[PDB]
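Participant: Sequence and experimental coordinates follow.
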Amino acid sequence: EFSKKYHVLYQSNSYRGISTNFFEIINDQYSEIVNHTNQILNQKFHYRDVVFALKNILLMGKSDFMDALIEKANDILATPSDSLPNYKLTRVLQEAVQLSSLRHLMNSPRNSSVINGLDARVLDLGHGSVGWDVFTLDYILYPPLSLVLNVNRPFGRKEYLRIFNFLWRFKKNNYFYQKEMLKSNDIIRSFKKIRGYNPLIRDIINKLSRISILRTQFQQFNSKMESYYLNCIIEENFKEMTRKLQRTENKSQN
Amino acid sequence: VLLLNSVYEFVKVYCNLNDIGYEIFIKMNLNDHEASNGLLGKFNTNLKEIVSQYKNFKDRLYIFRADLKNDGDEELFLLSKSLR
Amino acid sequence: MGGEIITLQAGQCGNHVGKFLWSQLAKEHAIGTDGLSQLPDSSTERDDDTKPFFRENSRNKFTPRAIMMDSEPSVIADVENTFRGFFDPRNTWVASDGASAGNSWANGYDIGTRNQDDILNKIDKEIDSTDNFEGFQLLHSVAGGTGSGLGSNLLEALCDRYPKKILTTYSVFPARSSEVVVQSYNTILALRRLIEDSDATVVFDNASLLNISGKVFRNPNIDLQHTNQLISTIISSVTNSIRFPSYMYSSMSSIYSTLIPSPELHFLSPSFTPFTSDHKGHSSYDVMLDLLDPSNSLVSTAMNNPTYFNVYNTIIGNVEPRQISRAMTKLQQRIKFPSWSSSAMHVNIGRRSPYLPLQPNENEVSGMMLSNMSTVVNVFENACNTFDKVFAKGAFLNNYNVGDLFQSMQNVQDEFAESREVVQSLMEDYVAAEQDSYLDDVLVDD
Amino acid sequence: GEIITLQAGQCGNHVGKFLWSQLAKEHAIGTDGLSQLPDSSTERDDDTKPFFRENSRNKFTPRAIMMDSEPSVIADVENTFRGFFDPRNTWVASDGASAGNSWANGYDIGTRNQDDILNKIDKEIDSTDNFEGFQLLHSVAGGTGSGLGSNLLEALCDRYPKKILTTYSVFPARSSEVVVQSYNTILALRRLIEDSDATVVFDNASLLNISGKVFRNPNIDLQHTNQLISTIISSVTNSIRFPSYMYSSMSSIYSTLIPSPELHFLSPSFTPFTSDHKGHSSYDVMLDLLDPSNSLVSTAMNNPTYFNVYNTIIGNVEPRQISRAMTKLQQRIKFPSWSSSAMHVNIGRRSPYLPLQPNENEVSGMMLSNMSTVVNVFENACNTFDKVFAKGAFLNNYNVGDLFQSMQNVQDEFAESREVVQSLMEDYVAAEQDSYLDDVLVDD
Ligand SMILES: Nc1nc2c(ncn2[C@@H]2O[C@H](COP(=O)(O)OP(=O)(O)O)[C@@H](O)[C@H]2O)c(=O)[nH]1
Ligand SMILES: Nc1nc2c(ncn2[C@@H]2O[C@H](COP(=O)(O)OP(=O)(O)O)[C@@H](O)[C@H]2O)c(=O)[nH]1
């Protein structure tokens, strides 16, 4: 229908050659098609929602999800890459969604199609490597969105997978310190029975309490560094990119 | 990355001590004055490893912080100072 | 990692605080006082997660993950009525009718002991509902007797029955230096249990909480029932990242793993910058500086050469990191840390709920935070001074056997002595930590 | 710099009624607190914020605390300003009426209510970010008036040690009431001399000497002549309200007006004006202002010593006229041998919404000065005081509260208050002498 209208308009001015009026038709056509396109992208393809989902998941903007994946995949992560039950990851992803705020997309029209694009991949880092090293968590896009968005194209720079791995290393270490600190707390807790054992205990406990402090040195390192990137580089550049993408929202009175 | 690799390794050594400490406590549940001094030996041995690693880590971390600080860019000065 | 959280109210203090907590929480999640979603079902997208605090049923009713205990049915009933349709009545427990005061800690401890089976059965029933449970929020409020007594006995039962679940306790100290003649009883015995069993705790001072409530909500009509809103919001600040997650924490485990260097020293001291709740919209730069200002403390700590330790805050609102880093640098110069420590200071995201009223983000001064400092000891000492006199003289030691056999089995002298060692060690550990040599026992153990 | 008006006693509240009425006219705000302007033009070219808490709503809340012992004066104002005033900033000494016309009574009620009064003051300070100061409107010899002013001053001078609290002092013409009124004046004055910021004197005798010529006689009444008081107050803040680019602050204003830590009581003059203004030139207005006939203080001196002379001319001022007037004024002002005579002249603005503005091709203005004779306003009160409170009923039987813990706290408070006032007078005189600085600047 669109083309027919414009066809006619250009036919009407065909006698003019260009004579500016041609430009005027274009300016209107430009506006109409671009705005129409954007309505579609965010109405049928949920473009912004996809953008946020990618940031939330691949750039790890959502903490609950990432932890949900790790717990569900702990055996996978510990298991060598050489023999992984990779199909288990389908189950892990499904649960990680149910275990996180993401389930709000999974259970709703307009949103389920976005969440369904998430799909894990395994990196070949060599024999003896484990799921903790080789899990990369990808996302699959199809045109029309694969034509708009930057994606991990097979011949591209794989920006997201590389970033994922960077952030992943922080998550792995953070996972482990939380797990380990709870193991520590479980044992330091047995400080009541000591009334019948103190001669062989006072020294181990004093060392363990100081060890918790040493452990905290590493946790704060990881917390500070991970946070630095996320709250200084990623969020800042992200907020700027959405501001650009949000210009169509007429978000500013300025 | 090396600092991150180090923290991964720190967890493994802390875990080894946690398991040693666990068994020392189990042995006391069974025999109050036993809990073999060999376990205390291993505990202390793995602690020596943590401490050695701790110090080595800290020196590398210092260098990292120093390199961020003296490269230029206020962000690196701010980050480096915040790691102290 | 994060998981579901259960709130336990051991007495009227906690049960009153619950009005403030559940109102503020429901407010932030667009849940009404009837437990129902306040949002029209024309919009179904949500980006929060109510699961850790409410069961959401098929009628979009949100049932609080909380169990309320008392000896007085009226406080819980007041909450049930205030919020009729919000709370599940089966989560209401009341001790056999009776009364106690001062010696009410002993009585509390007894009702806990006598009824551990009934209270624990209610707790297990709620936990058994779900898989990913991660900890409890305990409203202990040490100043109260049966509140603290019950809380002390339940704490012991829970920390060993649920060794994997983090127990965080909220406890406010007495505003009166004269009631301490019996509140020091409650305190020494309750504090023993908190020190031995709790994983984390936040300490409050009713004198400071009352003064601040009156100063911020500028009004001479100062009350515990006005003040509890501050308690509700320190809690909502803390759980901000869980309820409204981002990428920084969203877990009790995560924050404690970064905020508590030793399980021995897990008593935190809260403060805040002005906020609205159930014109001073200063930059986050200023918020950070204002947050360590003694006038904003919810604990009277004096802050004379403030005794350092791990610092963590949240700035509520959408603010710029450059201000955060500039303020942090200044804070690093203002607040000291031991050389053995990591000298860590942290800032959370502070995202606001999408269901709140609109305000400019440049005016988002608001926030509440906690520091791990030895400046908690001075609170413990005011009790300590009071209790190192009544037990020493034997005042009221002949008036505590309120069903728990405190006097019947002559545990009178032993409960004091063991509890006294425990509270002293906490204070000594806080102080030992003040020196640079604190870690020498492991780091120069050549 | 935000300013909070303090309206103390019925005089202070009546003066405020006139002040706020003029402000509502200057900044076209109705009595309901709403802008009278269309919102088709969102730029107002003024700033109401220092005097009003412009809301997010079309509401301009006067930054004022309304204080009395008699709630009816405040109500008369609130009932006129129907939405304009915020009633939560209203305090009334409801716990007993003042026991007659004694500053001590006003003081005693303010003292008991000091915390409540301050709480209202801070509720309003909480609505100001850049709080700078206060404007106190009061009679000098009223019980509630001067007593409340005395309490407010003591409370505020210590609570806000870095803020500016100025005073607008209304002086009754001396009459027989002076047997009480002179101590109300004197003891409350002691408090002003010791604690207050720059103070301006309004002599009711002059308000009448003038109103007998410019007000619709017979109604030339002192509560009617509040328009003259209002004219000066609004003229002073005109540089703040419709700011130009020279003087935009109270601290800037006083930088050339206050020569020493001593509190100075300044003497205003004004001519010509319109209220419910056609001067010929600024040349003439400036020259006309250096004449006691335009003064609101009956100093009545033919050759007073002037210090710190300042004036503001508002309108289409020609700088040549100003220069010529300065040229002749420079030659006919008495001032000490130790200080070059610097007259400060500021040019202000007419409100963009002033109904008169479209036809103003004429100028008018105000002069303020430090006069060695300003203290003449206290002369009759002082002479009375010396004869009356030396030993009369007037010394002790009008005292309540701390002033009458014992007769000793009366006998000495009154004698000391007189001495504080005597010292004030002596210093205004010392400043008239060349020796004031000849025994300073060459002392080396
Ligand atoms: N902060 C706060 N304290 C309370 C509240 N209700 C009671 N209290 C505390 O109650 C203490 C006295 O014991 P109480 O708990 O009331 O009696 P109980 O039934 O034996 O536990 C006092 O120190 C109060 O601080 C409340 O809602 N807020
Ligand atoms: N110019 C002027 N004088 C006033 C006004 N109201 C009252 N007076 C004077 O105020 C003096 C005493 O103080 P006032 O406030 O009136 O009485 P109080 O409320 O009992 O303290 C009297 O001598 C009156 O001449 C007013 O609005 N303007």
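Facilitator: Nice, I can see it. Numbering: from 1, shown residues only, chains lettered A, B, ... in the order given. Ligands and ions are numbered 1, 2, ... in the order given.

Participant: List the contacts of residue 21.
Facilitator: Went with chain A since none was named. If you count contacts by Cβ atoms under 8 Å, 6 or more residues apart in numbering or on different chains, residue A:21 has them with residue A:13. C-beta coordinates here come from the backbone N, C-alpha and C atoms, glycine included.

Participant: I was after chain C.
Facilitator: C:7, C:231, C:232, C:235, C:236.

Participant: now do residue C:339
Facilitator: residue C:436.

Participant: State the distance from residue B:73 to residue D:109.
Facilitator: Applying Cβ to Cβ, to the nearest Å, the value for residue B:73 to residue D:109 is 64 Å.

Participant: Ramachandran angles for residue C:68?
Facilitator: phi -110, psi 130 (degrees, to the nearest 10).

Participant: I figured it hits residue C:19, correct?
Facilitator: No. Counting by Cβ atoms under 8 Å, residue C:68 stays clear of residue C:19, with 11.0 Å between them.

Participant: More neighbours: which of these two?
Facilitator: Higher neighbour count among residue C:68 and residue C:19: residue C:68, with 25 against 19, using other Cβ atoms under 10 Å in any protein chain shown.

Participant: Bridged to that one, which residues?
Facilitator: residue C:9, residue C:92 (DSSP bridges).

Participant: ok now do residue A:76, which residues does it touch?
Facilitator: Contacts of residue A:76 by Cβ under 8 Å, 6+ apart are A:84, A:85, A:88, A:89, A:92, A:131, A:135.

Participant: cool, residue A:220 as well?
Facilitator: So residue A:220 contacts C:258, C:310, C:342, C:344, C:346 (Cβ under 8 Å, 6+ apart).

Participant: so which strand or helix has it?
Facilitator: helix A:202-228 (DSSP states H and E).

Participant: Can you name the next helix or strand after that helix?
Facilitator: Helix A:202-228 is succeeded, C-terminally, by helix A:235-245 (DSSP H and E).

Participant: is chain B contacted by that following helix?
Facilitator: No. Using Cβ under 8 Å from any Cβ of the partner chain, we find that helix A:235-245 stays clear of chain B, coming within 10.7 Å at best.

Participant: Only alpha carbons, please: show that helix as PDB.
Facilitator: What follows is helix A:235-245, C-alpha atoms only, in PDB (Å, rounded to 0.1, in the frame of the first residue of the first chain):
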ATOM      1  CA  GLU A 235      26.600   0.800  32.300                       C
ATOM      2  CA  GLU A 236      27.900   4.100  31.100                       C
ATOM      3  CA  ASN A 237      28.200   3.200  27.600                       C
ATOM      4  CA  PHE A 238      25.000   1.200  27.700                       C
ATOM      5  CA  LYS A 239      23.000   4.100  29.100                       C
ATOM      6  CA  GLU A 240      24.400   6.200  26.400                       C
ATOM      7  CA  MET A 241      23.400   3.800  23.700                       C
ATOM      8  CA  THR A 242      20.000   3.400  25.000                       C
ATOM      9  CA  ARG A 243      19.600   7.100  25.200                       C
ATOM     10  CA  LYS A 244      20.400   7.200  21.500                       C
ATOM     11  CA  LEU A 245      17.900   4.400  20.900                       C
END
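
Participant: that older thread, give the intersection of the neighbour lists for residue C:68 and residue C:19.
Facilitator: residue C:79.

Participant: How many residues are close by residue A:157?
Facilitator: Going by other Cβ under 10 Å, the residues that sit close to residue A:157 add up to 10.

Participant: same deal with the one 3 residues further on?
Facilitator: By other Cβ under 10 Å, 20 other residues sit near residue A:160.

Participant: and if you look at residue A:51?
Facilitator: Residues lying near residue A:51 (other Cβ under 10 Å) number 19.

Participant: What's the separation between residue A:105 and chain D?
Facilitator: 36 Å (Cβ to the nearest Cβ, to the nearest Å).

Participant: Surely that residue touches residue A:118?
Facilitator: No. Counting by Cβ under 8 Å, residue A:105 stays clear of residue A:118, with 10.3 Å between them.

Participant: what's the overlap in contacts for these two?
Facilitator: Contacts common to residue A:105 and residue A:118, judged by Cβ under 8 Å, 6+ apart, are residue A:53.

Participant: quick one on the thing from earlier: and of the contacts of residue A:76, the nearest to residue A:60?
Facilitator: residue A:135 (13.2 Å; Cβ to Cβ).

Participant: so how far is chain D from that closest one?
Facilitator: From residue A:135 to chain D the distance is 51 Å (Cβ to the nearest Cβ).

Participant: Name all residues that make contact with that residue.
Facilitator: By Cβ under 8 Å, 6+ apart, the neighbours of residue A:135 are A:73, A:76, A:77, A:89, A:120, A:122, A:123, A:168.

Participant: dump the residue contacts of residue A:88.
Facilitator: A:73, A:75, A:76.

Participant: Make CSV out of those and add secondary structure and distance to residue B:10.
Facilitator: Shown next, in CSV, are the contacts of residue A:88 (DSSP: H, G, I helix; E, B strand; the rest coil; distance: Cβ to Cβ, whole Å):
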residue, secondary structure, distance to residue B:10
A:73, coil, 22
A:75, helix, 23
A:76, helix, 23
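
Participant: In the contacts of residue A:76, which residue is surrounded by the most others?
Facilitator: residue A:135 leads these on contacts (other Cβ under 10 Å) with 25 neighbours.

Participant: what about the helices in chain A?
Facilitator: Secondary structure of chain A, counting by DSSP state H: helices at A:2-12, A:21-41, A:47-57, A:63-72, A:74-78, A:88-98, A:103-106, A:112-115, A:131-134, A:159-188, A:202-228, A:235-245.

Participant: Switch the ones you listed over to JSON lines; also include distance to residue B:65.
Facilitator: JSON lines is the format used below for these (distance: least, Cβ to Cβ, whole Å):
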{"stretch": "helix A:2-12", "distance to residue B:65": "60"}
{"stretch": "helix A:21-41", "distance to residue B:65": "45"}
{"stretch": "helix A:47-57", "distance to residue B:65": "29"}
{"stretch": "helix A:63-72", "distance to residue B:65": "26"}
{"stretch": "helix A:74-78", "distance to residue B:65": "31"}
{"stretch": "helix A:88-98", "distance to residue B:65": "35"}
{"stretch": "helix A:103-106", "distance to residue B:65": "41"}
{"stretch": "helix A:112-115", "distance to residue B:65": "40"}
{"stretch": "helix A:131-134", "distance to residue B:65": "27"}
{"stretch": "helix A:159-188", "distance to residue B:65": "17"}
{"stretch": "helix A:202-228", "distance to residue B:65": "11"}
{"stretch": "helix A:235-245", "distance to residue B:65": "22"}
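
Participant: out of the ones you listed, nearest to residue B:51?
Facilitator: helix A:202-228 (7.8 Å).

Participant: quick check: angle from the closest one to helix A:159-188?
Facilitator: 160 degrees (axes from the mean of the first three to the mean of the last three Cα atoms, to 10 degrees).

Participant: Number of residues surrounding the closest residue to residue C:314 other than its chain neighbours?
Facilitator: Spatial nearest neighbour of residue C:314, excluding adjacent residues (Cβ to Cβ, 6 or more residues apart in numbering or on different chains): residue C:348 at 3.8 Å. Residues lying near residue C:348 (other Cβ under 10 Å) number 23.
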